[PDB]
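Have a look at final-v1.json below; it lists JSON, C-alpha atoms.
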```json
[["chain", "number", "residue", "atom", "x", "y", "z"],
["A", 4, "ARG", "CA", 0.00, 0.00, 0.00],
["A", 5, "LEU", "CA", 2.90, 2.34, 0.80],
["A", 6, "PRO", "CA", 5.77, 3.19, -1.57],
["A", 7, "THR", "CA", 9.39, 3.04, -0.46],
["A", 8, "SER", "CA", 12.23, 4.94, -2.09],
["A", 9, "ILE", "CA", 15.92, 4.50, -1.44],
["A", 10, "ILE", "CA", 17.63, 7.91, -1.44],
["B", 284, "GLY", "CA", 8.95, 12.57, 21.03],
["B", 285, "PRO", "CA", 10.58, 16.00, 20.91],
["B", 286, "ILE", "CA", 11.25, 17.66, 17.60],
["B", 287, "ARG", "CA", 15.00, 17.47, 16.88],
["B", 288, "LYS", "CA", 17.33, 19.30, 14.52],
["B", 289, "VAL", "CA", 20.04, 17.00, 13.13],
["B", 290, "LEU", "CA", 23.03, 17.80, 10.92],
["B", 291, "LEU", "CA", 24.09, 15.43, 8.12],
["B", 292, "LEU", "CA", 27.28, 15.71, 6.06],
["B", 293, "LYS", "CA", 27.08, 14.22, 2.56],
["B", 294, "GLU", "CA", 29.71, 14.02, -0.15],
["B", 295, "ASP", "CA", 28.62, 14.66, -3.73],
["B", 296, "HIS", "CA", 29.11, 11.07, -4.93],
["B", 297, "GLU", "CA", 26.75, 9.58, -2.36],
["B", 298, "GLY", "CA", 23.07, 9.54, -1.52],
["B", 299, "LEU", "CA", 21.58, 10.24, 1.89],
["B", 300, "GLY", "CA", 21.62, 6.58, 2.93],
["B", 301, "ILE", "CA", 17.97, 6.28, 3.92],
["B", 302, "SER", "CA", 14.81, 4.68, 2.69],
["B", 303, "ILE", "CA", 11.62, 6.69, 3.04],
["B", 304, "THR", "CA", 7.97, 5.65, 3.10],
["B", 305, "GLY", "CA", 4.73, 7.56, 3.22],
["B", 306, "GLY", "CA", 3.57, 10.90, 1.92],
["B", 307, "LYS", "CA", 0.47, 13.09, 1.96],
["B", 308, "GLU", "CA", -1.35, 11.04, -0.68],
["B", 309, "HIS", "CA", -1.21, 8.14, 1.83],
["B", 310, "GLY", "CA", -2.23, 10.22, 4.83],
["B", 311, "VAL", "CA", 1.07, 9.57, 6.60],
["B", 312, "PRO", "CA", 4.30, 11.56, 7.05],
["B", 313, "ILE", "CA", 7.54, 11.02, 5.21],
["B", 314, "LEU", "CA", 9.03, 8.33, 7.47],
["B", 315, "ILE", "CA", 12.53, 6.90, 7.60],
["B", 316, "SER", "CA", 12.09, 3.17, 7.11],
["B", 317, "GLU", "CA", 15.77, 2.23, 6.70],
["B", 318, "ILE", "CA", 19.12, 3.67, 7.70],
["B", 319, "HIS", "CA", 21.71, 2.09, 5.42],
["B", 320, "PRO", "CA", 24.88, 1.05, 7.24],
["B", 321, "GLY", "CA", 27.92, 3.26, 6.66],
["B", 322, "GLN", "CA", 26.15, 5.85, 4.50],
["B", 323, "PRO", "CA", 25.68, 9.52, 5.46],
["B", 324, "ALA", "CA", 22.55, 9.23, 7.60],
["B", 325, "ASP", "CA", 24.07, 6.40, 9.63],
["B", 326, "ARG", "CA", 27.32, 8.33, 9.99],
["B", 327, "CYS", "CA", 25.66, 11.52, 11.23],
["B", 328, "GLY", "CA", 24.35, 9.62, 14.26],
["B", 329, "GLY", "CA", 21.11, 11.53, 14.76],
["B", 330, "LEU", "CA", 18.67, 9.95, 12.28],
["B", 331, "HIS", "CA", 16.82, 6.72, 13.01],
["B", 332, "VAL", "CA", 14.22, 4.32, 11.66],
["B", 333, "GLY", "CA", 10.79, 5.59, 12.64],
["B", 334, "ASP", "CA", 11.72, 9.27, 12.47],
["B", 335, "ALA", "CA", 9.27, 11.47, 10.58],
["B", 336, "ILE", "CA", 11.04, 14.05, 8.43],
["B", 337, "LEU", "CA", 9.31, 17.36, 9.12],
["B", 338, "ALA", "CA", 11.71, 19.54, 7.11],
["B", 339, "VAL", "CA", 15.08, 19.55, 5.34],
["B", 340, "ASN", "CA", 17.17, 22.73, 5.00],
["B", 341, "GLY", "CA", 14.07, 24.69, 5.98],
["B", 342, "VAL", "CA", 11.72, 23.02, 3.45],
["B", 343, "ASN", "CA", 8.58, 21.68, 5.13],
["B", 344, "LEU", "CA", 7.88, 18.08, 4.23],
["B", 345, "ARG", "CA", 4.81, 17.55, 6.45],
["B", 346, "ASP", "CA", 2.41, 17.95, 3.54],
["B", 347, "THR", "CA", 4.52, 16.64, 0.66],
["B", 348, "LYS", "CA", 3.59, 13.71, -1.52],
["B", 349, "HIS", "CA", 6.05, 10.83, -1.71],
["B", 350, "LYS", "CA", 7.74, 11.78, -4.97],
["B", 351, "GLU", "CA", 7.81, 15.48, -4.09],
["B", 352, "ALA", "CA", 9.78, 14.53, -0.97],
["B", 353, "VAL", "CA", 12.18, 12.37, -3.00],
["B", 354, "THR", "CA", 12.95, 15.26, -5.34],
["B", 355, "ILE", "CA", 13.43, 17.74, -2.51],
["B", 356, "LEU", "CA", 15.55, 15.38, -0.39],
["B", 357, "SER", "CA", 17.76, 14.25, -3.28],
["B", 358, "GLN", "CA", 18.48, 17.87, -4.28],
["B", 359, "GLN", "CA", 20.19, 18.68, -0.97],
["B", 360, "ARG", "CA", 24.01, 18.77, -0.92],
["B", 361, "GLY", "CA", 26.83, 19.04, 1.59],
["B", 362, "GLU", "CA", 25.85, 20.08, 5.10],
["B", 363, "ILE", "CA", 22.16, 19.31, 5.37],
["B", 364, "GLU", "CA", 19.92, 20.14, 8.32],
["B", 365, "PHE", "CA", 17.00, 17.83, 9.13],
["B", 366, "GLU", "CA", 14.06, 18.55, 11.37],
["B", 367, "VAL", "CA", 12.72, 15.21, 12.60],
["B", 368, "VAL", "CA", 10.54, 13.63, 15.25],
["B", 369, "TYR", "CA", 10.20, 10.09, 16.53],
["B", 370, "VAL", "CA", 6.59, 9.21, 17.31]]
```

Encoded form (structure tokens):
Amino acid sequence: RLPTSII
Amino acid sequence: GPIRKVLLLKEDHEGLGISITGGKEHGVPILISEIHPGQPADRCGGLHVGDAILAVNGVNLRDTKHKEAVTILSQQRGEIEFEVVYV
């Protein structure tokens, strides 16, 4: 449901 | 918890060293979900999994959508100030 981004 | 200001030092060849979740379109804050070992966020000592990122270098992130936050966060260079809170 929730996006994850590696930054 | 208390709102904290935390300084992070990043070199130009590296990322921040975090994973973020959430965003306004999901009704939740930008949250740190991972601190990658040895990368700038880990090294700075003051950022942790579960912290909500309220602002970076004075830019409010409390109402940003996920991808807005990614763009803003990834633009920051050098000595970067975070405003965060662990709830």

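If you measure from each of B:296, B:349, B:288, B:326 to chain A using all atoms listed in the file, the closest one turns out to be B:349.
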
message: Ranking B:363, B:356, B:327, B:338 by minimum distance to residue 9 (chain A) and counting all atoms listed in the file, which one comes first?
response: B:356

Considering only C-alpha atoms, return as a JSON list (two decimals) with C-alpha atoms, keeping the file's coordinate frame whatever protein or nucleic-acid residues lie within 7 Å of residue 366 (chain B), sequence-local ones (same chain, fewer than 4 positions apart) excluded.
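What follows is the written file result30.json:
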```
[["chain", "number", "residue", "atom", "x", "y", "z"],
["B", 286, "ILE", "CA", 11.25, 17.66, 17.60],
["B", 287, "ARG", "CA", 15.00, 17.47, 16.88],
["B", 288, "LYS", "CA", 17.33, 19.30, 14.52],
["B", 289, "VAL", "CA", 20.04, 17.00, 13.13],
["B", 336, "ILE", "CA", 11.04, 14.05, 8.43],
["B", 337, "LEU", "CA", 9.31, 17.36, 9.12],
["B", 338, "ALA", "CA", 11.71, 19.54, 7.11],
["B", 339, "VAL", "CA", 15.08, 19.55, 5.34]]
```

Pairwise distance for CA of residue 357 (chain B) and CA of residue 284 (chain B), rounded to one decimal in Å: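 CA of residue 357 (chain B) sits 25.9 Å away from CA of residue 284 (chain B).
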
task: Might you pull out every residue within 9 Å of residue 300 (chain B), with all atoms listed in the file counted and same-chain residues fewer than 2 positions away left off, and present them as a PyMOL selection string?
output: (chain A and resi 9-10) or (chain B and resi 297-298+302+317-325)

field: Distance of CA of residue 348 (chain B) from CA of residue 314 (chain B), expressed in Å to one decimal place
entry: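 Straight-line distance from CA of residue 314 (chain B) to CA of residue 348 (chain B) works out to 11.8 Å.
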
message: One decimal, in Å: what's the spacing between CA of residue 6 (chain A) and CA of residue 332 (chain B)?
response: 15.7 Å

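Each of B:299, B:360, B:305, B:294 was compared to residue 4 (chain A) using all atoms listed in the file, and B:305 turns out to be the nearest.
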
For chain A, take all atoms listed in the file, fit an axis-aligned box around them, add 4 Å to each of the six sides, then output centre and edge lengths in Å rounded to one decimal, as JSON.
```
{"center_x": 8.8, "center_y": 4.0, "center_z": -0.6, "size_x": 25.6, "size_y": 15.9, "size_z": 10.9}
```

task: Point out the residue among B:340, B:369, B:346, B:352 with the least atom-to-atom distance to chain A, counting all atoms listed in the file.
output: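 So, comparing all the options, the nearest one is B:352.
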
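The nearest approach to chain A among the residues B:342, B:353, B:330, B:335, with only C-alpha atoms taken into account, belongs to B:353.
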